[PDB]
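Q: any chance you could fold what I've pasted below:
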Amino acid sequence: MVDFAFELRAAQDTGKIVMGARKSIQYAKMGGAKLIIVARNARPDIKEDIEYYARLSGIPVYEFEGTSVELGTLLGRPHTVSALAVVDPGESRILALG
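A: Numbers count the residues shown, from 1 in each chain. And now the structure:
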């Protein structure tokens with residue numbers, strides 16, 4: 001089974017990710033992400049924007065079962081992260097969550 005915490009970090013370290021709603025939506029729009037991760041407490045219109053643009057491109061969205069606080073901490077940031085996009089998984093198995 002896919003270890004979220006471990007595979008997210010593995011993607012961060014060996015692949016390419018962009019963080020935050022703005023970048024996530026932008027990469028969704030341009031069809032440039034392989035997966036978009038959204039925190040459970042992401043602002044309703046941000047969730048709905050991501051889901052829309054991702055659906056247009058056939059990019060899977062995964063809702064993280066935790067707050068933007070926990071997601072930030074997982075990503076090693078001392079701030080909230082409401083969404084992120086996996087551009088290149090690298091050695092990560094994170095895309096299986098799609």
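
Q: just the strands in the chain please.
A: With DSSP state E applied, the chain shows strands at 16-19, 35-39, 61-64, 83-88, listed in chain order.

Q: how about the contacts made by the most centrally placed residue in the chain?
A: Centre of the chain computed as the mean C-alpha position; nearest residue by Cα atoms, centre = their mean is residue 37, 2.6 Å away. For residue 37, the contacting residues are 8, 61-64, 71, 83-86, by Cβ atoms under 8 Å, 6 or more residues apart in numbering. In short, each C-beta sits where N, CA and C put it, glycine included.

Q: so what's residue 46 closest to, chain neighbours aside?
A: Excluding its sequence neighbours, the residue lying closest to residue 46 (Cβ to Cβ, 6 or more residues apart in numbering) is residue 21, at 4.7 Å.

Q: my error: substitute residue 2 in the last question.
A: Distances taken as Cβ to Cβ, 6+ apart put residue 96 closest to residue 2, at 5.0 Å, once the chain neighbours are dropped.

Q: that neighbour and residue 4 touch, don't they?
A: No: at 10.4 Å, residue 96 does not count as touching residue 4 under the criterion of Cβ atoms under 8 Å.

Q: look at these two and report which has more neighbours.
A: The neighbour comparison of residue 96 against residue 4 (other Cβ atoms under 10 Å) goes to residue 4, with 16 against 13.

Q: contacting residues around the more buried one?
A: Residues touching residue 4, when contacts are defined by Cβ under 8 Å, 6+ apart, comprise 64, 94, 97.

Q: just give me the neighbour total for the nearest residue to the last one once chain neighbours are set aside.
A: It stands for residue 97. Closest residue to residue 97 apart from its sequence neighbours, by Cβ to Cβ, 6+ apart: residue 62 at 4.7 Å. Close neighbours of residue 62, defined as other Cβ under 10 Å, add up to 16.
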